[PDB]
Amino acid sequence: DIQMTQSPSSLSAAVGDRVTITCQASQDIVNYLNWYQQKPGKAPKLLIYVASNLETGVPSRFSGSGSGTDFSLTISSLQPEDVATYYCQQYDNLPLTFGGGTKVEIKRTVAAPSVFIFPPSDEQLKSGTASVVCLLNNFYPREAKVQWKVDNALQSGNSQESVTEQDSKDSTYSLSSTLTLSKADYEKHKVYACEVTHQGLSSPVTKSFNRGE
Amino acid sequence: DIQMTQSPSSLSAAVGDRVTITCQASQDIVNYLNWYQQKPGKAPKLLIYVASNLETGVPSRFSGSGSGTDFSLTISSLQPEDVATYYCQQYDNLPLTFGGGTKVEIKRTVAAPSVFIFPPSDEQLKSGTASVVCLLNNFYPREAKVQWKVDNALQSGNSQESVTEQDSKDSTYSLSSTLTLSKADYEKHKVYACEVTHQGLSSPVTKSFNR
Amino acid sequence: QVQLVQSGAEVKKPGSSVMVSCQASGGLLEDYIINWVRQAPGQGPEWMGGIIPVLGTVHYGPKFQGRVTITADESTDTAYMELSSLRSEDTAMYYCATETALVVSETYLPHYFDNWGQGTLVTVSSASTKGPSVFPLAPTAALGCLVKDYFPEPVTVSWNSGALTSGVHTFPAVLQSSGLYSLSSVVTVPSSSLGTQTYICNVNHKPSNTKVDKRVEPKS
Amino acid sequence: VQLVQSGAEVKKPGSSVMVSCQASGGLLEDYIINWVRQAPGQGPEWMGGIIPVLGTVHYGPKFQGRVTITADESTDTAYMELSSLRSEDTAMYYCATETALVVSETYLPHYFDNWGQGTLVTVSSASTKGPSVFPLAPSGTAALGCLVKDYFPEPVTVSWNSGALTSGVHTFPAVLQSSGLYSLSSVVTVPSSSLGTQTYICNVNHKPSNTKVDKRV
Amino acid sequence: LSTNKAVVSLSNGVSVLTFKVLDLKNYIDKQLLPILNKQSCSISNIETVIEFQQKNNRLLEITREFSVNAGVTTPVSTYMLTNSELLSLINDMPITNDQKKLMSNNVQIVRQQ
Amino acid sequence: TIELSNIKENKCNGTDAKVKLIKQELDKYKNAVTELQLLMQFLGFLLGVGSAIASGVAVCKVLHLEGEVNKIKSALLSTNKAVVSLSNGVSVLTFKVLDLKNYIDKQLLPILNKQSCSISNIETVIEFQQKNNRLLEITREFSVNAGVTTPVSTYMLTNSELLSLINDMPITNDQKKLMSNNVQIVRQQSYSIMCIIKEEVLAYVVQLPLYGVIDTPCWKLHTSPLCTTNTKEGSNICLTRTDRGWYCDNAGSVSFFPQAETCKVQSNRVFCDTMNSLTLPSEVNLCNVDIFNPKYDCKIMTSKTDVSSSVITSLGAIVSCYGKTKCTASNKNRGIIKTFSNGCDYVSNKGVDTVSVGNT
Ligand SMILES: *[C@@H]1O[C@H](CO)[C@@H](O[C@@H]2O[C@H](CO)[C@@H](O[C@@H]3O[C@H](CO[C@H]4O[C@H](CO[C@H]5O[C@H](CO)[C@@H](O)[C@H](O)[C@@H]5O[C@H]5O[C@H](CO)[C@@H](O)[C@H](O)[C@@H]5O)[C@@H](O)[C@H](O[C@H]5O[C@H](CO)[C@@H](O)[C@H](O)[C@@H]5O[C@H]5O[C@H](CO)[C@@H](O)[C@H](O)[C@@H]5O)[C@@H]4O)[C@@H](O)[C@H](O[C@H]4O[C@H](CO)[C@@H](O)[C@H](O)[C@@H]4O[C@H]4O[C@H](CO)[C@@H](O)[C@H](O)[C@@H]4O[C@H]4O[C@H](CO)[C@@H](O)[C@H](O)[C@@H]4O)[C@@H]3O)[C@H](O)[C@H]2NC(C)=O)[C@H](O)[C@H]1NC(C)=O
Ligand SMILES: [Cl-]
């Protein structure tokens, strides 16, 4: 098989910046090369075919270049909706192969997260488990930390966090952390809190609730 | 050298008119001819190369034609931001030579000047000179007159005026006149006014102040 | 504007075989190269094979050859892909994707993919299919619902049957230690509308054929 | 690629001047580098050009023997020396390039498609002297400004709030005063409602004398 | 398959230099026919048709020569064997360096013979 | 001469459809220039042997002398046509037929360079292919003809250029008229000898025939075997005039061209080449009125081989019919109209369209 080596693995650039991705083949493939754009969870989209031809309806800020073994994809003025994974794909001989992908992230101004906490349902408690959710809503950058604190006891490793992909129109993230406990130990304590640290807040934000009301 | 004779030397046309500029060489230069646009105070910008090729990002309203010894530059729909001097330039053989240039001026409707007067600063007077500035702001046509009046006595020849080029976004002119005298002679009088006559105002506007 | 509509997502036990269908709406199969391209979690897409009905030719990748069969039933405009002897590596999103093939030579091979299906998420696992239970996350304000304990993926969620779109955030499912998936869907809402407007999150879990409409309200 | 030339300066009559031109972001091997000057009230005049990839230099017949054009490929700077200066030489000197990527052995300059900003060389016996800057305090729509008086040689530049105020500025051409020094005015029109809550500062730069003054008005 | 020049051993035992001088199959199969089908059987770039007319032109001119010569031509024209190909053939031939230099400085005579 | 430009640095990258065509077209021009530089690094048996291009080649050696190209190059600076006096003293017409240097240096490369090896106007690449095509075909002809061609093709010399050569040659108005109305023959009697690629100019010598004898009377002699008509198979005798060929009056003598296939007839004019001729006394014509005349010994060959044949003449057919061979003459409207008896007989082209001798 022909190996496609794509570089870089990920990159972050501001809106309007010029971005170039590289694709290299393990051998000469003339210019029998395609490019695809994949946003998270959706099918790939054909952007460039036969090394340089622009697919219909793709903005002219995209371009494809290269021949032989080295190829490039150039975005002349990056826009928020271009956040996606890019793949090159060769067809010089079978089997058809894709590159490793290049994840493109948008660098924007720092936005602080809005933090909300949700108590477990009375209905869920009856089934014997309790999920306590903490939410960070529409923030940037990606790096945030949520450590649960029961009364004042730091919780370790009893939570799972999930992050949305970068929003296509305003380049922000959202994150939910879920603290799962048994019904026996949930009704054993009183005040539940999730403490959140991030670059957009001057002091760390804590949202809590009392199991009484 | 090859001498390029450019015609006309200046022209005035209304916004939206079709304008043609001519360049003729003293000898055959095939189609080895370029056109440049120079706005006041800035370096020239290349518009056309090899007689007819449009530079990238130059409006499609520009076109070039000609061959041999006679060439032309055509603007299909003149716009305000095109106020500038244009030069043709040959390269058939060295030295490269330029034409004399054609200044393009925009004809528009009459706009009255905004007339403003400024007294000399307290900081400047201590240094021993007094400059009093009178301003005509955003007027048309080019021809304007500023006559100083100290108290009520008309002043002759102790001032200097400077006029800007046509503004690139609205095609109006501005003119400032500076009246320079010694501090001794400034404190000899009290109330200073500048009265301005122009085609955009029905009556002459006078702006004054008390020292 | 041919639309490629694939069969539903499903879970298959290890060692058996799966058939994915791909319905072409608006055209014939004779006019295309029909390819199958899969994508495993966290990996790039992978070309599995292609069929060229106008040439009567089938092509398979070396990694799959001998356990993939691609057929093109021209009487119903449906493409099929059988994948036998399933393994854990085969858990992937299987995409049907075509290339226009009007002027075709012999020795013509697949080159690109200009039209894609929506994808069929095949999970290879021994676990039984199980539908989710949906719990409220009771409450500018924020509310949502927690979709807990379902298998296999995927689950979808919409608010007010698609009426509420601006401001919803549905998180990727997280695998719990129990082996079942859970998921959250939140939406930010003006605090002034908590009493006059109703908020329903519509959960659809096709793998178990269960669709659940949960209404949330501020408890007591 | 940007071409950045040396600063304006005054030169005594009879001496020689060197203007530099920095090609930034690319090699000098890739260009024809021409020198084009423009005297006050005239068109441009081609002085010469250098084709570093060919090792070829060309000077206009009017200028050969008192112009030297060099291209220093170690710093990507082309230079233009002009000796035995006289009054006719007071002019704006432009560095201007043509891309010369596919070149023939007999390739010559043809056009100027990329320009530097220009270096205004004034030949005069007068000494360099910096200006004093005075506010034009105010007292529909209102106007204010500052007057830059008594400097030599030209040019002076001016920006308001470090370039923040652009809509409505008018910078007039300098007028030659009887003392032999130039003076110039810069005015800007602004809505009357911001006269009390917004601050307006003009930053005057006269590089020939190395004077930068930020005066608050 | 991988190179344009190879030495092949024939069935009777003689080894003969081989040379792929024009690959029109791959041009059509991978570069032209894919461009063509994608844009609804239309080509939006005049440069694409010319590139094909150029690739095809040599194959057409070869056909003209065999069609007028009944399949045996002399001298070997530049359409049958371009100058670079002939110099590569001589240079890769199993002959002396005195011979290679002779043939390479006199390719015009090598054609005529 | 064709004026070329040296291309030093072809630094164009970028796989763009429009870019690729100019880069590949430029390589064609460069390769053609380089390719051309590597190139420099009966009774017929009585006739003499000449050196057809010794005259043209000798002029070509003079062009290799020092400064000889600069004279040519400087004389053809302002016009495309100038008379140059060479170092040896010979005056030669010079002719700049194609100026690729100025096209590449002043029109193409600036357009090419401006948009970073990209050309936004397909018409500029084609105009170059048209300009370049002639140089490519000149090279193509010289590479398979080993630097000397005949006839002079329209690539070496266009029709209008050749007419201009003729009008400027130091020849008679009668001569110019003859050459001008028969350019197709003038080409066929011409050589084009490739010369030098020195300085920035390609030069080749075109060696044109000059016709110093025009409008003198000519005649073609056709001969055929004449045999006895005996009944015994081998008792026959044969006799043939061998002096067949073309004869033209020329400077008080008669030029004889034995191989009549080396002469070309256009209407009633015969173009022959004196290097393929013998110079004979005017009395050779007596062989036509009396083969036993005492003033010229007429040439014949003798044989015992009585085979049947036919010789098509200008206005008829000589038929040598012997043995049992069937010999007839036919009309298109009537079939066979004459059957020949044994012996040598003749038929005019008036009533006859074909002649059949045996299976021929
Ligand atoms: C095809 O073909 C063609 C023809 O041939 C071509 O074209 C071409 O190309 C080329 C490429 O190859 C190019 O070239 C060029 O070169 C040059 C060189 O130089 C040198 O040095 C350098 C430095 O520099 C400096 O110095 C100079 C003087 O000398 C000057 O002039 C400059 O400017 C500079 O300065 C500055 O900076 C600095 C920094 O450091 C500082 O210090 C100072 O002070 C100042 O500031 C160096 O670097 C180099 O070296 C290098 O290289 C080599 C090879 O290459 C290597 O080996 C080494 O090592 C090095 O590298 C390094 O680095 C890198 C980065 O860079 C990394 O990555 C690596 O790894 C390493 O580490 C030399 O030696 C130069 O200059 C240039 O550059 C440019 O470009 C690039 C790309 O291309 C980029 O990257 C950069 O950045 C630049 O760019 C720029 O510019 C532009 C204009 O327009 C812009 O836009 C951009 O953005 C930029 O900008 C920037 O910067 C500036 C300044 O500079 C500023 O102003 C701004 O703001 C920003 O920041 C280049 O490289 C040429 O040019 C061309 N030409 C044309 C005409 O085009 C092509 O390419 C082909 N193609 C294909 C595909 O093939
Ligand atoms: Cl040469």
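Just so it is clear, chain F uses Swiss-Prot numbers, and the residues here are 58-98, 137-455, in order.
Quick reminder: no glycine exception, Cβ is built from N, Cα and C everywhere.
The disulfide bond recorded by Swiss-Prot for F:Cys333 reaches one of F:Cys313, F:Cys322; that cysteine is F:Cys322. Record source Swiss-Prot places F:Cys343 in a disulfide bond whose other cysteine, from F:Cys313, F:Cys358, F:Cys367, is F:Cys313.
Disulfide annotation in Swiss-Prot: F:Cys382 is bonded to F:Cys393, selected among F:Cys367, F:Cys393. Proximity of the recorded positions (F:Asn70, F:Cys322, F:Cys333, F:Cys358) to ligand 1: a Cβ under 6 Å from the molecule is found for F:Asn70. Put simply, of the disulfide-bonded residues F:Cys322, F:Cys358, F:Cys393, F:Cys422, the one whose Cα is nearest the Cα of F:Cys313 (disulfide bond) is F:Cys358. In sequence order, F:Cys322 are the disulfide-bonded residues from F:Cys322, F:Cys333, F:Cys343, F:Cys358, F:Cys382, F:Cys393 with a C-alpha within 10 Å of the C-alpha of F:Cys416 (disulfide bond). Neighbour count (other Cβ atoms within 10 Å of the Cβ, all protein chains): 20 for F:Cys313 (disulfide bond). Under DSSP, F:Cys333 (disulfide bond) is assigned to a strand (E or B) in the three-state scheme. Taking the Cα atom of each, F:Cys358 (disulfide bond) and F:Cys343 (disulfide bond) are about 12 angstrom apart. Comparing the Cα of F:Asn70 (N-linked glycosylation site) with the Cα of every entry in F:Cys322, F:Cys343, F:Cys393, F:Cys422, these being the disulfide-bonded residues, the smallest distance points to F:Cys343. Under the three-state DSSP scheme, F:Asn70 (N-linked glycosylation site) falls in the coil class. When the Cα atoms are compared, F:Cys322 (disulfide bond) and F:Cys343 (disulfide bond) turn out to be 29 Å apart. The disulfide-bonded residues shown are F:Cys333, F:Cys367, F:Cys382, F:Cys393, F:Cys422; of these, the one with its CA atom nearest the CA of F:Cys343 (disulfide bond) is F:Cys367.
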